[PDB]
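To start, the structure itself, in structure tokens.
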Amino acid sequence: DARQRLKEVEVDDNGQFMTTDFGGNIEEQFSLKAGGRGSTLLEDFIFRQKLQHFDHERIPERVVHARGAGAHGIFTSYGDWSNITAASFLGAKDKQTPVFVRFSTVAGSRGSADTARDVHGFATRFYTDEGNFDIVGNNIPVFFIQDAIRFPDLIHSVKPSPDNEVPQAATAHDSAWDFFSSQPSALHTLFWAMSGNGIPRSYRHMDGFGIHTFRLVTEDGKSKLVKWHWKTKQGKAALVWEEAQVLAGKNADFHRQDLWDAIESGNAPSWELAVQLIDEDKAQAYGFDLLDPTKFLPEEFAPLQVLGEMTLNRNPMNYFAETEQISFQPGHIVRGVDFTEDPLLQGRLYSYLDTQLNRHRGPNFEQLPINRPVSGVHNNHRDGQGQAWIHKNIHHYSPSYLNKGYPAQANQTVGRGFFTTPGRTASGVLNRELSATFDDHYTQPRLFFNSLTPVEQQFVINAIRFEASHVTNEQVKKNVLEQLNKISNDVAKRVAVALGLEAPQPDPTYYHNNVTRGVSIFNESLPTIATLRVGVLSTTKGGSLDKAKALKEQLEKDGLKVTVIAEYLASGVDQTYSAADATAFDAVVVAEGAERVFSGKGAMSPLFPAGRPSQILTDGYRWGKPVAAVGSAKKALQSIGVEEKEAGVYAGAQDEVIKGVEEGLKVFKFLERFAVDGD
Amino acid sequence: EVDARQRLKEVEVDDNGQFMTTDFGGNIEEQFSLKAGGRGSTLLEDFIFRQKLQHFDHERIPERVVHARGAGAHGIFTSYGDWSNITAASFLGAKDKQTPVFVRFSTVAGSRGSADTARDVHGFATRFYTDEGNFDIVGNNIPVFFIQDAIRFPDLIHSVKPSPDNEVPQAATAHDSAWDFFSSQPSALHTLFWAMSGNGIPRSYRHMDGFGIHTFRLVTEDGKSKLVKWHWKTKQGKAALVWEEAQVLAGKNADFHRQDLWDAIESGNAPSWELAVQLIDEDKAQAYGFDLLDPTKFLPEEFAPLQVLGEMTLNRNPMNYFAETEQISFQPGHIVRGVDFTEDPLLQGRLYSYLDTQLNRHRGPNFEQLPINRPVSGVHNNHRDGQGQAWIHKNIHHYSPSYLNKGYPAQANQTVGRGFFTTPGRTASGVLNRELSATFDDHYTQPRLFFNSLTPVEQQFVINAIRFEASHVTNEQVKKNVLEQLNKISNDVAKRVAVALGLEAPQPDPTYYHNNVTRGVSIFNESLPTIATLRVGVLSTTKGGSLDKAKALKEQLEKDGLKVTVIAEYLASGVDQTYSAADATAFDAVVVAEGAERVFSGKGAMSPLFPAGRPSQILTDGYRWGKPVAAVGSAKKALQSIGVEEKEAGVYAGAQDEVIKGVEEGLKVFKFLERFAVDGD
Ligand code: HEM
Ligand code: HEM
């Protein structure tokens, strides 16, 4: 068990009388008053100690990635990688290292919607026997900016307007689009955010990326450039913006519940840890600088090499103490790994340590159960707000005769200490400039777009069309279209149409037809299901419930959790029609003999809002979800204009519906149900 | 005539025409990090980077423990006359006396980023910048609170807020913990009925009635007191959404109420509220069938008519949400001479709590020195030092009594220096105890008086809310416990909810059953006194010259006071919003322009510009949500594609004379309750 180290700090209050924070049994339900109908007394210590705790419960949210969720896990190494890295969690076969991952959005505040369109976070803590190792990544391999100094500018621009604080968890506003049109480096991550990567189905159906180039140092000192990758065993799956908008309102904790449910149900999510190895001498050899966070390395130039697997088997016991309080830092490095001269990475090392003081009100944030390592801490650090420990060592300085030299210095040769790569050199003038090798901002965005399916590319343009239509400034819209035209003239002309402006001037400078693998979401098929969310639209009258229960049993057999929807909570009913919605499910199936409730008199029930069952079916189909009807249920599809056999849509008997709807999920989303330009 | 934000001028910072500087002055370049070479590592000696990033890393302060999600506006309070006969207050001390105000509206369970249109109790908190100190009426949009003793506040909040294990759900009461508390604490049943009604999901902050909840005292110069109940009556009228609309709006626009207020002030149509009071004699505190020290019960208008004292209008929007709205620290303990507290156990514990919490949110005691918190009256006290002391105090003898400071600052009381004083008649009698009065024992009469005072359809919205919320409880015993409590209020309410849950509800308990009705509790009975600031959506098309006909409809409507948005495939000559960007939740009236029927049927519906079947959905949504729908000329085919009658109540068909005047009529009604199914058919 990964949570074993937290068992000593775990409190049970069952079978116990109410006490104050300083001990002693009490009754915290009545205030001390001066008489029967009298004023409350200052001498009521019980009231004050209870309310003081409550009044001071909240800590500041993270400056970015405020909205998110975590889970505990176990990382297992596939073999001894001592040849490539001196890391401890990697230099052994089948070595089990405890982990904790916190996935998140960006612009969104603490209460923002899980299904908002943003870059997603993928922060992973490795509780190594040689210290805490963090890979604070994102679901997109590229970042918006090239210099960390520009981070406040990017965040201030994407986040709500400073005058009214509108909008929440969105980039559809003047300020955000002014920055992208003024900082062309931001164009690659935009294309990724405008794609399926911006609105994924779940945290489990996400690929993770360390973004930066790092170094892997061997015992001897030989280094190799490295790129961290987290490949999902569940496969990449994404929603559609029209679905995503409804889900943000119907269930703002969509991803948060998706993860929680998976772990509890037994189907724990997995990720393979892959790397891209690059020689120090081939840092600019691939047509771009590897110190550039706006560019990613294609799989064709460097194949991915799997090092191990990380699975999340335990959910937290207290969201605050664990998920909210966890303080990640990319500066949480161990012997075997080292930084690169990536200007974005360089500034992050400072920022993450600094911010911790605001969020936690002191320096002992690493003493918190969720942050503390398993390796042990022996240093000269003393005092500070909320000191949890009592240091036996009175000679808290170095060098020293009195402490016989303890704690001792460790480096490369002795005590397995951390060391910077010996080959690393500083050369040239001290300056506040950026390398000329960082000047290309249009080639890489087009490589991604050219590597997506025709309907996927539309989704990218249908996100930009949506977002840009919110810009009130006419000049910002033109500035955006000028930048988009530099990537692709096709992309620019398609967006231009929705905006009412006409500015097509093909600039063939960065135009190319090159395609890269592993960037598409829907192109590959779903491996296991294991997804799942199947909604069964049934009714309380006509014995449809009994037929729906039979479908529920047979479908769950392949490792699923099917929810039966009816007018009220009968014998086999899990959700009602007023509580249920199409956003909650991936597959919508209408049970046999489900009325007359789709268009007849049965549609007008005081139990659910007018025309609800019909809406769940309508929504599913338009969102590309595989829809199904058993026997008589064909009239449900006909009431809106849906043909018997087309894409995912399958009719017939009981077993005839089960087989096919399962195949639909492998495709997940039916792209043929979406209008592409030129038709 | 005057700017309500005049006092914040002193602190405004213009950066137009200025070069980038550090926090300690000096012109700088904050766009490139200092590196050791061309492709080198960043240097620690880069003070520019560190000072820029340090400020950014320390931008966030903790959100409010409750009422985290909300938005404010500056305003001017005007008195209708000289109320010296009823109160010694300065702001009520003269006719047409203008007192600067600042109101913050909010939810409760929702966090900083939560949706504005969620089902919660709404906050309504007013700061009066009196020439006699800051006076706060920290109230809600419901006249009654859930609990009777302030000591139980953490219990109520912990129960309604997200589960501690997973932090699910956000801004909702549809979960085991919240419904276990209501079934275990029957005092919570009145506010529940209010939260389950239209009061729980209002149309806007401007279409809300505000209540001070507690009973207070109004002290005259002489010392004579009168029990009082604060009320804020909206000049805009009470208007509420429907749950099915509210759920879609939370996703489509989570800043719905935040924008609604912002737009109103900018457009010129500033919101107004009349300040009304309920006067009660000290001796008649238990005379009305309930204790007036009870926050779970309200006083009916039939026993005590409302008396208007003045009017408050919000004419100025903030310049910086953080510095103003986020940083404002309200306290019901912000009292002035003329007003006094009552022995209300909920009020008593609030006075402590609100002052305490500021130390967490602001990390020090000088939170009152912040521009938004500072009074206009002037500050003279021996308070010194403290985190972030903004002032240089001139008096070196910071104590009392003192010979050296000549007795300054001097003590003020009732007779000298117009100081605050507690009501002289106020007495303490009896044993010191941890109990509650027997007069607080009734928790079922008042919930039933509210329910009996709602229209038949309104009553269904209460029923359905409970049906929706309770269906989320996973525990079978909690659902039974809830139905047992509901049965104590009304057997009809209990049996209707029971149906949705699958479990029957025994057994009629006629103890607190009555057919009494009270006025001014219904949201949907009375029609809106004005139609301004009401959004209307015009569904038009780029083909067939429909745009030109839509612009004509937009012109005649905008001159009435309404805010008109023309929806089409792309942003043409007169297009404000596209079909992919627009939704029915954004508007109060949905009108289909002549020649727009083309995007309802055939290939017109299948466009790469908007999602499949969008125009139809906006029209479908508007009708099912009870919004007045309209069609000009041939646009009758649009209504026919879903099954809507042109002569139905709320539906308008004809010309660009009949629609324009016919729609604006339906807006006065706001929501057509006839389209909603009631039990018994
Ligand atoms: C490749 C670029 C970046 C990635 C992948 C990234 C990713 C993340 C993630 C995933 C988190 C939240 C971690 C968690 O779940 O607790 C985070 C937090 C944060 N990031 Fe970034 N970040 C990037 C760049 C930056 C930069 C350039 C800065 C500033 C120099 C920065 C400053 C922060 C800060 C201050 C926080 C809050 C952390 C905390 O309160 O613990 N990040 N970042
Ligand atoms: C009639 C009952 C109550 C009403 C009407 C009420 C109303 C409000 C409102 C409207 C706010 C937010 C003010 C703003 O816009 O900034 C607020 C905040 C708060 N309330 Fe209540 N409240 C009530 C009872 C309580 C009780 C019983 C307690 C605890 C004893 C309490 C503790 C707080 C605290 C700690 C905050 C946060 C204030 C801040 O951070 O400035 N409230 N309340």
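Cβ atoms come from the backbone with ideal geometry, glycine included; neighbour counts cover every protein chain shown. Since every read-out is calculated from the coordinates, none of them should be taken as a lab result.
On full extension, the segment bounded by A:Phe301 and A:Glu8 gains 100.6 nm, given 0.36 nm per residue less the C-alpha separation. Taking a straight line from the alpha carbon of A:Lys282, these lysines sit under 27 Å away, with near neighbours fewer than eight places off in the same chain left out: A:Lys222, A:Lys224, A:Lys227, A:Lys231, A:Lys295, B:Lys35. Across chain A, C-alpha contacts under 8 Å between residues 6 or more apart give a mean separation that, scaled by the residue count, equals a relative contact order of 12 percent. Taking the fewest neighbouring Cβ atoms within 10 Å as the starting point, the ordered list for B:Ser573, B:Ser163, A:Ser614 is B:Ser573, B:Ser163, A:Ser614.
When the P(r) is computed for region A:431-528, the part past 21 Å accounts for 43% of the Cα-Cα pairs. Across region A:245-363, C-alpha contacts under 8 Å between residues 6 or more apart give a mean separation that, scaled by the residue count, equals a relative contact order of 25 percent.
Taking a straight Cα-Cα cut-off under 26 Å and skipping sequence neighbours fewer than 8 places away in the same chain, the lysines within cross-link reach of A:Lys404 are A:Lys392. Charged neighbours of B:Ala532, selected by a Cβ distance under 13 Å, balance to 0 (K, R count +1; D, E count -1). Cβ-Cβ distance of B:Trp391 and A:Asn380, R₀ of 45 Å, FRET efficiency by 1/(1 + (r/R0)^6): the value works out to about 0.65. In the structure shown, the pairs B:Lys238/B:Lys297; B:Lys551/B:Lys636; B:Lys551/B:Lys671 are assessed against 24 Å; a Cα-Cα span above that value is assigned to B:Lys551/B:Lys671.
Qualifying GluC sites (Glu not before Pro) in region B:8-102, where qualification requires a DSSP coil assignment and no more than 12 other C-beta atoms within 10 Å, comprise B:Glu12, B:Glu29, B:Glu45.
With each label modelled as a point 7 angstrom along the Cα→C-beta vector, the B:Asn452-B:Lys406 pair spans 6.7 nm. Under 12 Å Cα-Cα from B:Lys97, which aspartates and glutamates qualify once same-chain neighbours fewer than 8 residues away are excluded? List returned: B:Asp82, B:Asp131, B:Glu311. Reducing region B:328-392 and region A:210-229 to their Cα centroids gives an inter-centroid distance of 55 Å. Put a dot 7 Å past the Cα of B:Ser267, heading toward its Cβ, do the same for B:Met606, and the two dots end up 3.9 nm apart. Per residue of chain A, the DSSP helices (runs of n ≥ 4 H) give a summed -39500 (n - 2.57) that works out to -7500 deg cm²/dmol at 222 nm.
Of the trypsin sites (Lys or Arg not before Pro) found in region A:396-494, those that fall in a DSSP loop while having at most 13 other beta-carbon atoms within 10 Å are A:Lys404. Look at the alpha carbon pairs under 8 Å that are at least 6 residues apart: their mean separation over the length of region B:551-655 gives a relative contact order of 22 percent. When the trypsin sites (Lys or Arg not before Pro) in region A:64-116 are filtered for DSSP coil states and for at most 11 other beta-carbon atoms within 10 Å of their beta-carbon, the remaining sites are A:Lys93.
When +1 charges are put on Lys and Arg Cβ atoms and -1 charges on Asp and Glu Cβ atoms, the dipole computed for region A:431-528 relative to its Cα centre reaches about 100 debye.
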